[PDB]
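Protein chains in written order, with the deposited numbering: chain O, 2 to 197; chain H, 4 to 186; chain S, 2 to 156, 164 to 176; chain M, 4 to 128; chain s, 2 to 31; chain W, 2 to 61, 64 to 105, 112 to 150, 157 to 230.
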Amino acid sequence: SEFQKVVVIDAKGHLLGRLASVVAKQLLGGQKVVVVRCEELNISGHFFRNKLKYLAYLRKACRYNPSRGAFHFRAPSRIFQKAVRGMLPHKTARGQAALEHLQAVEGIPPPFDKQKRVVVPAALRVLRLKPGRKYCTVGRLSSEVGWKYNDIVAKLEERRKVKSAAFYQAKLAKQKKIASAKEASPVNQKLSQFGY
Amino acid sequence: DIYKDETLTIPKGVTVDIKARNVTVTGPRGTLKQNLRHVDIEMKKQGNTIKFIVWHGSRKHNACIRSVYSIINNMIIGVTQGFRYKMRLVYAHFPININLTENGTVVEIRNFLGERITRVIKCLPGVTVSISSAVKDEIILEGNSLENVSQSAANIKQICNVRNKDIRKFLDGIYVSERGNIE
Amino acid sequence: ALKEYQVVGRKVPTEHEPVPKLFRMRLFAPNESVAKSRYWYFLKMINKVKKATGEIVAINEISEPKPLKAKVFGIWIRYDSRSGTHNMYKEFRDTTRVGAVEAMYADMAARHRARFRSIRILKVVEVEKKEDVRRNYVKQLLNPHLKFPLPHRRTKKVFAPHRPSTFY
Amino acid sequence: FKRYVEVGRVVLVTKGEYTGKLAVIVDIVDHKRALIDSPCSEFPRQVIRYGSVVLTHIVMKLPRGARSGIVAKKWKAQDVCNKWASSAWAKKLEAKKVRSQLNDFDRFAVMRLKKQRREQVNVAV
Amino acid sequence: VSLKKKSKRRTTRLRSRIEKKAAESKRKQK
Amino acid sequence: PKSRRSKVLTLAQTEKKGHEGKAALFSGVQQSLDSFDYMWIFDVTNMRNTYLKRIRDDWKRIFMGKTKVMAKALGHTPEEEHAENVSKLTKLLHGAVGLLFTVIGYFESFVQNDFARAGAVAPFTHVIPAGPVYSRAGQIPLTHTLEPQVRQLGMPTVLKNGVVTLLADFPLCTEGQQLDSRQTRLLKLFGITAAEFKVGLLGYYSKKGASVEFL
RNA sequence: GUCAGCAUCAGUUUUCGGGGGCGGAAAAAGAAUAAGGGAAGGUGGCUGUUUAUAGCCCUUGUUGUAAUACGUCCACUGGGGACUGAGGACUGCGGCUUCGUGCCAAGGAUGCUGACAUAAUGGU
RNA sequence: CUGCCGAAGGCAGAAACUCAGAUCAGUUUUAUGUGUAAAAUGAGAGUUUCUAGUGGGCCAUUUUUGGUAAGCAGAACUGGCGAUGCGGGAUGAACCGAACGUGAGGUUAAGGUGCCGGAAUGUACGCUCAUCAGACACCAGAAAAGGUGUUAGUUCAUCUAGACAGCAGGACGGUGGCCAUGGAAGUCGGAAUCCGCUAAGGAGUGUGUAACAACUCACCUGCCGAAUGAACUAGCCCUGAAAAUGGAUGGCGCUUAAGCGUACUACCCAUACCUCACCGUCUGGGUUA
RNA sequence: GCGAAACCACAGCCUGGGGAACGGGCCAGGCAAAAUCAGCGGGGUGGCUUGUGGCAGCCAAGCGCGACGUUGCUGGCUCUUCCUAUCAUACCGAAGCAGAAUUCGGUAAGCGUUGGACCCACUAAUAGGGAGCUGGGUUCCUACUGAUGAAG
RNA sequence: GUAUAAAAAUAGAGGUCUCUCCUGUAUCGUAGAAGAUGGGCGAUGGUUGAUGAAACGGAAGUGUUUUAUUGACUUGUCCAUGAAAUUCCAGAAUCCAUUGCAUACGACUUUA
């Protein structure tokens, strides 16, 4: 709980509204936020109801120049951005600057796949939803509302998980070597009465 | 109620591994895998018995215990004795032509009420279709998954359906005649 | 919170009634003032004794004799509903009569939208006999081999670095 | 690793003025509250809800509704104290407590000591 | 999204008219 | 308002007595115990009501009520039991057994044949010829007008040209095999008299002898 | 002249901590220890029973005049923070002091120190 | 330009003088029946005289009669508005607080504490899943009610003499009772609807048959071992119709709530309350050094 | 090259609300990027309501009423878009539906719903409604559409 | 201190039949006149800078490893010097020209 320049949030298993509210409060506090893996955000309510909610959202359009009408964004990252910006005073310079401090992406791009990704417990579905309750996935609602990049993200995420697993195995082996040398070192038992 | 329980005793069916609601039951006839992630219940296995346990579950969630009990029992019955569905081809004037390809996994049907069309189905996994010579125009679907065999049966019956004709007189179609096990 | 009180009272003695009878009621109220008013309206509706010509002679808070023993309390109450009349009898397992009454008030406000003034308590009695218990959930608690995992585990320090355990 | 709410399960209080203390469940009052005791004198008999405590893995034989006197008697007989400490979980908790009790001079002691721990970083080639 | 055909929010004349005519209903039943 | 199974009702107007019927049966059991003689132990079997009426005809009464209801009314303990040494007789008293007043030779010898029931074993391996159905399995010198039986059979038969025809022969019964409900129902339409009513005369609760043997 | 820091005060105020009484069923509990009673969600023993190779509940005695808990009070006390410094010789009401041009937290802030002056404050 | 006083649906003020009073009160007691008379509390009370402005209306309140599908109309009192800014109810002539000099600090009211938004993604117990949920606000128009949605209750039922259900079986014989008919055997159709047996087989609950026959229940026996059923009430939930461009619990959103109900703390701030400084008006004391 | 005038509080996007008058200013949202050109003229009062009539009697779940029942009697010519309460087309269920043709009902507004003097033809059908013009009858700016256009 | 990269479930995960989680209050790092000048003792390590070469990383590759050569500093431990009156916080394109696949004028499509 210390002020970092950039917080990378792995949005897997989170709730859209709860994560948006927490992020919107951090941006007004003046913190750069990168919400990666937005195709895994969870929304309460069963999938058919959520798709009806979204398909009702498409209905809002101008009767003159739908080019000026409401802009319906189908990407899961843009869905999260719409949720976040609705919780911000974006009509003012403060809120407009706050939006510039948020980077919502699909998947985990290489500039952010090699950085620690914290999670928000106040938005996690496992901790915040009663078991036995129906929910949906934004990355699934997006595919059946118009989003057309689901397959590429899934493929590029399988590659990323494979590479990350290889990296962790190498780091775990090095950590095992360091861990083995730990008790071999003597001061770790000689004067460890301080609790370390 | 605090503790609602169901108990299942396993026959000579070898393995009933239940890792993470993904049951993989291996028996003499074959191996069936099926997922239970849709429900949240305890599966406590001891000896030759499995206990499906729900703590503090509501009646809606308690409706799923016996359902899980039944599907696991049906899976065990499939890996031990299997399932066999027997249909009789019913035709009044036009004989119905049946073809079996890729060892019974696709059925092509012709001449149903004088059709020039070819109605093709692909059977669900674990199902094989054969024609029995004991009785004429007899179709048999044999397999291990009751759901797959019976859903294959429903697909045959619904695709061979009479349209815009008076069903009180036009009796042509394919119907399920007997349901049972291989042994 | 609530405290159980005993209120003993009588009308002011006169020539007609030199020795008025003494009326004692066991009732629950947050404080003595509410208890006295709670008693006075009860006395009005049961025995038609006016508040003006009466007086509260004794007020005594009562503490639970054995607050460290789990008990089962059956509560006979009367409800004012749309029809203005209903009778209910509930059972609560708790170590204190006050807590049982508090649980009853919370449950009734949760279920039948009942308020403190709408609920009047007839009798709160202890049921020591297991057979005399009527409620199945109370009997479930009274079974000897009761066991169950923790329900509703539910678990500033925002931005946790690791995923929650929410298990053992 | 189940941690069923039994009669006689020892538990670790995590919320309230008795945070960090060790108790044992004597009776299960209801779905959401229970009665606990402990041989330690500073912790009195009381009824506590399950949201203010985490169950441990140690189960000790204990008749239902027992008084604090024999609860201490059975606790000492089966040696529950220092059986909880034998678990690495208690070692981590007490290590955190000692680290919290630590001070600036002794923090500088830890400074030097862990520097001497990183002294070696010796790995066989 | 509202996900409704009729708005759940009410106009000020409409909300005021309820207390106008709900009271008259009690007057009539009296 | 609640997901509960519906309880349909009809206009039979034939409600039973229940507890009153049980009390009447107990009173009748006491009267039968107080009756004169012949101390029978036989109430019913797999035989039909016509067979029971025929057996009751050779008597001047077979009646037991609910089984073990008369035994409960009599009482396992000899003090409650009206007869003597009834402690061992109550244990043997199970199933359909009851008293009568009119015998031994007729019960031992006269066993009229009757249609078989499920659970038993067929006396032979009954088979049914293919093609048109035979009412008496070839013993009729057999109308095929059982058109509704084609729909109500479930056997491998097709109603062709207004006549129920079986595509292939189906063995209805097999020797040494337990009789199932489907086999019993199919054999009901035919002449399967695989039954033999019997009686039990192990002992007699005589007024003077009071020797209820277990032979 | 400008801006600061600290100390001792006065007015207002917020937030922690300790000590001590006094009340209730002179808390109720509880512990320890003597009687009797009852049993279980029945332990050892042998589904059924009555502390045995676990114990529980009820009443009484005792340790006792126990503590705790709450309420309440102290003209008992220890800290932390913030806003304000109006008035302008002397009286007055008071406490120490032996009276004392005596001193004092007693009819409204003084004391010490630092930095800057081409900077800082304040105005536009 | 500033200050002070300040209405009206006979008033407010000015001047002239009474009594340091029992002299008055949008008040409450006591006594007699809203009237009158003679203790509480508050206030200094007053009389004649003249002279500006106004004499309207909207909203709600409680007392009645005439009323009707349905609202509605006419009275009396009461206040608010009008001359009134401020906090809250997303915003507002009539809703909840609060009556306003310039400032500093503290504390609140009403309403609130997921984000927009200052304040607990607090604690505790329950209810609810809605393929057009709820935040609504006597839920009053539709409103009378429907639902195999859920949770609680109230009143009657059987139940280790074996409960409900489930499978096995019996479910009969006079009799195809009598008129009725091509053909009707319990079941096209006209009154019942009796009897031998029981533990029970209804002149028969439905299907079906030209007629039959066959199956089923409603009625009993075998196995099986514990609770089960019926009628009502309460809360939430669905439904109880509504159209015409995009669409609104204020928005985003929220489902162990950020919805509904209660309980307990903590917290947020109005021009309101408290302490202080200052400005002005009024009132009172003193002032020939 | 010459060169006006009317008009002018200030201006200029829409949706829902702002008790009304909803407006452009206020509330909550969609949105929002200089400078311009040529066109065309748009912009200067119940949460009502719907499909089932009036009088009398008999019940009677229940609280003198009493529900359903039950019985008694006499304006037209062209135009953008939206709603479904669907005439046709698509797919379904029921019916003496043998076939053909057809009736009713469900999802369904994607796409059509004409030509002539209620009449007579065509058509698969000629379904119902919401938000520039003429006849007989009384004695600037903004929008829309195209066209350029400085700029990281 | 601009320090920390598996994945997945939560009615289960991972490690060697056994063990661990039950939150980062963790781990890495952390002295020095803002990091000075020397002396030893102990280890071949750490910080690594500079270059020089290998491999890897394409989702926005914002970088990763591997080294090599060296120049450094090497708190690993133990000693000696100086700090202060900072004496109480602060090469292209376009115009002119041309074209007619275009065109009110711009623009466009060609030539030049």
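Ideal placement from N, C-alpha and C gives every residue a C-beta, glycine not left out.
(message) Going by DSSP in three states, H:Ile-5 sits in which element: helix, strand or coil?
(response) coil
*For S:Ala-111, count neighbouring Cβ atoms within 10 angstroms of its own Cβ and tell me buried if that reaches 16, exposed if not.*
exposed
- Applying a beta-carbon distance threshold of less than 7 Å, which residues of chain H neighbour W:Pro-171? Here the neighbours are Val-138.
Check: In chain O, what lies closer than 8 Å to M:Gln-49 by C-beta?
Finding: Under the 8 Å cutoff, chain O gives no residues; its nearest Cβ is about 28 Å from M:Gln-49.
* Express the C-alpha separation of H:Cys-126 and W:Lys-175 in angstroms, rounding to a whole number. => 32 Å
Next on the checklist: Using C-beta distances below 8 Å, list every residue in its chain close to M:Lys-64, excluding the 5 sequence neighbours before and after it, in chain order.
Outcome noted: The beta carbon of M:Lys-64 sits closer than 8 Å to the beta carbons of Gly-11, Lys-77 and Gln-81 from its chain, once the five residues preceding and following it are set aside; these are given in chain order.
Supposed close pair H:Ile-177, H:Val-93 - CB separation, criterion 8 Å
7 Å
message: By the 7 Å beta-carbon criterion, what residues does the segment 142-156 of chain S contribute toward chain H?
response: Listed by position, the residues of the segment 142-156 of chain S near chain H (Cβ gap below 7 Å) are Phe-149, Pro-150 and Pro-152.
Note to self: Checking the sheet assignment: what are the DSSP bridge partners for O:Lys-33?
What the structure shows: O:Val-7
Taking Cβ to Cβ, would you say O:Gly-196 is nearer than 8 Å to M:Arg-110?
-> no
- Query: Would the segment 11-29 of chain O and the segment 51-63 of chain O be scored as touching if the rule is three or more Cβ pairs under 8 Å?
  - Reply: no
Review point. Looking only at its own chain, which residues have a Cβ that is under 6 Å from the Cβ of S:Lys-52, when we skip the five neighbours before and after it?
Key: For S:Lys-52, where only same-chain residues beyond five positions count, the Cβ hits under 6 Å are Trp-41.
Discussion item. One question on the structure: do O:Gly-140 and O:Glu-40 come within less than 8 Å of each other, judged by their Cβ atoms?
Written reply: yes
Practice task
Please confirm if H:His-64 has its CB atom under 8 Å from at least one CB of chain O.
Solution key: yes
Margin query: Using a Cβ-Cβ cutoff of less than 7 Å, which residues in the same chain neighbour W:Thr-199 once the five nearest sequence positions on both sides are dropped?
Written below: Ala-125, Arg-126 and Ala-127
Span separating the alpha-carbon of residue 3 of chain H from that of O:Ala-71: Only positions 4 to 186 of chain H appear in the structure, and residue 3 of chain H is not among them; the question remains open.
Suppose you measure from the CA of s:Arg-28 to the CA of M:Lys-35; what does that come to, to the nearest Å? 49 Å
query = Is H:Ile-134 closer than 8 Å to H:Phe-115 when the C-beta atoms are compared?
reply = no
Is the distance from the Cβ of residue 1 of chain O to the Cβ of O:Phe-81 below 8 Å?
Outside the shown range of chain O (2 to 197) lies residue 1 of chain O, about which nothing can therefore be said.
Name the residues in the segment 74-93 of chain M whose C-beta lies less than 9 Å from a C-beta of chain O; which are they? Answer set for the segment 74-93 of chain M: empty.
* Can the beta-carbon of W:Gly-191 be found closer than 8 Å to that of W:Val-130? -> yes
*asked:* Is W:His-159 near the ligand ADP - that is, is its Cβ less than 7 Å away from at least one heavy atom of it?
replied: In the structure on display, the ligand ADP does not appear, and there are no ligands present to speak of.
Short CB-CB distance (under 8 Å) between W:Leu-174 and chain H:
no
ask   = Any idea if W:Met-40 is buried or exposed, counting beta-carbon neighbours within 10 angstroms, 16 or more meaning buried?
value = For W:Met-40, the number of other beta carbons within 10 angstroms of its own is at least 16, and it is reported as buried.
Check whether the Cβ of s:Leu-4 lies closer than 8 Å to any Cβ atom in chain O. yes
Assuming H:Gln-49 contacts H:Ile-185 under a Cβ cut-off of 8 Å, what Cβ separation, rounded to an integer in Å, is found between them? Incorrect: roughly 30 Å between the Cβ atoms, too far for contact.
Next on the checklist: For a cutoff of 8 Å on Cβ pairs, would you count O:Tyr-136 as touching chain s?
Outcome noted: Between O:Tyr-136 and chain s, the shortest Cβ-Cβ separation is not below 8 Å.
* To do: Measure from the C-beta of O:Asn-66 to each C-beta in chain M and report whether the shortest distance is under 8 Å.
  => Interface criterion not met: the Cβ of O:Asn-66 is under 8 Å from no Cβ in chain M.
Counting only beta-carbon separations shorter than 8 Å, does M:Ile-39 have a partner in chain S? no
### Message
Using the Cβ count rule (16 or more neighbours within 10 Å means buried), how would you classify M:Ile-39?
### Response
Under the 10 Å beta carbon count, M:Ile-39 is surrounded by 16 or more other beta carbons and is classified as buried.
- prompt: What residues of chain S sit near M:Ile-31, judged by a beta carbon separation below 9 Å?
  reply: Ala-71, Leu-142, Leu-147, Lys-148 and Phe-149
Could you list the residues in the segment 48-65 of chain O with a C-beta less than 7 Å from some C-beta on chain s, going in chain order? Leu-53, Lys-54, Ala-57 and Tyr-58
- Message: I'd like to know if H:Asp-43 contacts chain O, where contact means its C-beta is closer than 8 Å to some C-beta of that chain.
- Response: For H:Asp-43, the answer is yes, since a Cβ of chain O falls inside 8 Å of its Cβ.
Original post:
Count the other CB atoms within 10 Å of the CB of O:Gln-194; is the residue buried (16 or more) or exposed (fewer)?
Top reply: exposed
Proximal chain H residues relative to W:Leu-187, where beta-carbon distance stays under 9 Å
Those do not exist, as W:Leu-187 stays about 16 Å from chain H at its closest Cβ, beyond 9 Å.
- Contact list for M:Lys-99 against chain O, beta-carbon separation under 9 Å: Those are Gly-196, listed as they occur along chain O.
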